[PDB]
K.L.:
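One structure, as structure tokens, below. Some questions next.
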Amino acid sequence: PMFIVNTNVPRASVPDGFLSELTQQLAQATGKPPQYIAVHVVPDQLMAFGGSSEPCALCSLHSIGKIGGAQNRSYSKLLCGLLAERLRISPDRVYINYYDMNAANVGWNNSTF
Amino acid sequence: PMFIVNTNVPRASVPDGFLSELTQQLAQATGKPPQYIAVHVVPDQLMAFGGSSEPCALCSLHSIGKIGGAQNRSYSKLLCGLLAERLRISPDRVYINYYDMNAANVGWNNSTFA
Amino acid sequence: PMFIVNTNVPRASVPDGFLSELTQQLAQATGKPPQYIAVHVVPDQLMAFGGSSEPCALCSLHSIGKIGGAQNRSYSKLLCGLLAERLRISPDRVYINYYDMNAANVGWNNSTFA
Ligand SMILES: S/C=N\Cc1ccco1
Ligand SMILES: S/C=N\Cc1ccco1
Ligand SMILES: S/C=N\Cc1ccco1
């Protein structure tokens, strides 16, 4: 999995260790080795959710497999829970877009999977 | 709908009301309540379009439904009009990628929409 | 093609000329006219790959066609090569997501490519 979070919360509100936590938690959640997990957090964004500037986030999770109805519910609980606990973003102000990528459509290490 | 715009226009050129205008216009275009609608503008970007650094935008619109050939042709007029007036970007320097998301593939409020 | 690179490499490490080089190399790779090619580089990102903050990149290539198994392998060799040479990012710390977009799902100048 690769996980990207874009948020209006300020950089100083991102706690030390957040990218490590996301790595660890995504490894546990997907069963994938941490080596392949990428995480990207983008604070201080100009965004709104429902016409309001209260803390919010727009996220994506891309994986080659491990995407589906129940799995995505579980990921959303995990990830909305982290954004709430760690970044003080209400879960009802987060969207997470999930992508099940074909291996042939993911480049890595000079080739594709 | 959620709408993201990445642009090389400077932050000071993005009007304070732009996110709210987009929110409202997208609600009217899609018939969705504005509470559901998220908007994100990312200025000051290092970008080129056609090998030029003149103002440009790379955008996305994600929706669960309300995406399709005719609807997308309409949205492009709406969105190019807003980017042209408010960000001074020529409409031929804008791409918008449209994504019709399955409900099971959109997380919100600790769960998905499925 | 439109190519976007998100990286933790700092802005000062991005060579002058990098966006032009990408535009030119993508035109050669895809056979598309440079008029339609867009490139976008985002340095200074808060990023980790494999739990490490060593240089890494998350990238995307969107095209209407010209996406497929062998083609994508070639693009990845090209693009990882450029990121290694110019940004000093190891290839094994790069992901490139490829998207073969339906022409109806790509907005441009007040209409879609359909
Ligand atoms: S393993 C976890 N993520 C690998 C990946 C990268 C792009 C799609 O899936
Ligand atoms: S309602 C408008 N947007 C909701 C949404 C978020 C992601 C895909 O669709
Ligand atoms: S031509 C190269 N890119 C055009 C494009 C933009 C979005 C999908 O394809």
Side-chain angles (χ1 to χ4, degrees), chain A residues 1-4 23 26-27 29-39 49-50 58-65 67 94-108 112-113, chain B residues 1-4 23 26-27 29-39 49-50 58-65 67 94-103 105-108 112-113, chain C residues 1-4 23 26-27 29-34 36-39 49-50 58-65 67 94-108 112-113:
Chain A
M2 50 179 282
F3 180 65
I4 302 162
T23 302
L26 285 162
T30 62
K32 298 291 178 179
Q35 186 59 219
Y36 294 100
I37 299 184
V39 296
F49 192 118
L58 300 175
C59 314
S60 61
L61 183 77
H62 297 73
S63 184
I64 304 162
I67 299 292
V94 174
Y95 281 135
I96 306 160
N97 290 309
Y98 296 96
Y99 301 88
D100 189 354
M101 300 297 294
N102 191 293
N105 290 335
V106 179
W108 173 76
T112 57
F113 291 109
Chain B
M2 53 176 279
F3 182 65
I4 304 164
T23 300
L26 283 165
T30 62
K32 300 293 181 186
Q35 182 60 215
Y36 304 161
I37 295 182
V39 296
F49 194 119
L58 300 177
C59 310
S60 65
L61 185 72
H62 297 77
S63 186
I64 302 164
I67 297 287
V94 174
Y95 286 140
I96 306 152
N97 288 129
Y98 295 101
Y99 302 93
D100 183 359
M101 296 300 293
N102 193 287
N105 294 332
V106 182
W108 172 75
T112 67
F113 288 101
Chain C
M2 49 173 290
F3 181 64
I4 302 161
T23 295
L26 285 165
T30 59
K32 296 292 178 181
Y36 281 104
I37 299 184
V39 293
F49 194 116
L58 298 177
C59 308
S60 62
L61 188 76
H62 297 76
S63 186
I64 302 166
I67 298 289
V94 174
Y95 287 134
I96 307 160
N97 291 131
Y98 295 96
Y99 301 90
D100 184 0
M101 298 296 292
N102 191 286
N105 291 332
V106 180
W108 174 73
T112 68
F113 282 110

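Note that these values count all heavy atoms, side chains included, but never hydrogens, waters or copies made by symmetry. Throughout, a chain's letter reflects where its sequence line sits, starting with A, and its residues are numbered from 1. Remember, it's 1-based here, ligands and their atoms both numbered in the order they're listed.
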K.L.:
Apply side chain to side chain contact (heavy atoms under 4.5 Å, CB included) to the pair B:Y99 and B:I67, showing each step before the final yes or no.
P.N.:
CA-CA 7 Å; B:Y99 302 93; B:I67 297 287; over 6 Å; no

K.L.:
Quick one: does ligand 3 sit under 4.0 Å from the side chain of C:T30, the backbone, both or neither, non-hydrogen atoms only?
P.N.:
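The answer is neither; C:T30 stays 4.0 Å or more away.
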
K.L.:
Tell me, which protein residue and heavy-atom name are nearest atom 5 (C) of ligand 1, and how many Å apart are they?
P.N.:
A:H62 O, 4.0 Å

K.L.:
Can you list the ligand 2 atoms lying under 4.0 Å from a non-hydrogen atom of B:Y36?
P.N.:
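Heavy-atom distances to B:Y36 below 4.0 Å select 1 (S).
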
K.L.:
Closer than 4.0 Å to some heavy atom of A:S63 - which atoms of ligand 1 meet that?
P.N.:
8 (C), 9 (O)

K.L.:
Going through the distances and angles, do B:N97 and C:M2 end up as a side chain to side chain contact (heavy atoms under 4.5 Å, CB included)?
P.N.:
CA-CA 11 Å; B:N97 288 129; C:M2 49 173 290; 3.4 Å; yes

K.L.:
As an exercise, identify every atom of ligand 1 less than 4.0 angstrom from a heavy atom of A:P1.
P.N.:
1 (S), 2 (C), 3 (N), 4 (C)

K.L.:
Roughly how far apart are B:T30 OG1 and B:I37 CD1, rounded to 0.5 Å?
P.N.:
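B:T30 atom OG1 to B:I37 atom CD1 measures 4.5 Å (nearest 0.5 Å).
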
K.L.:
Taking all non-hydrogen atoms of both residues into account, name the closest pair between C:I96 and C:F3 and its distance.
P.N.:
CG2-CE1, 4.5 Å

K.L.:
Could you tell me how the ring of C:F113 sits relative to the ring of C:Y36: parallel (under 30°), tilted (30 to 60°) or perpendicular (over 60°)?
P.N.:
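Perpendicular, since the angle between the ring planes exceeds 60°.
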
K.L.:
Do C:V106 and ligand 3 have an N or O pair less than 3.5 Å apart?
P.N.:
no

K.L.:
Got a donor-acceptor contact below 3.5 angstrom from the C:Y98 side chain to the A:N102 backbone?
P.N.:
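Such a contact is absent between C:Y98 side chain and A:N102 backbone.
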
K.L.:
Enumerate the atoms of ligand 3 whose separation from the nearest heavy atom of C:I64 is less than 4.0 angstrom.
P.N.:
9 (O)

K.L.:
Given A:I96, B:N102, A:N97, B:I67, which one has a non-hydrogen atom that is nearest to atom 7 (C) of ligand 2?
P.N.:
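The option holding the nearest heavy atom is A:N97.
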
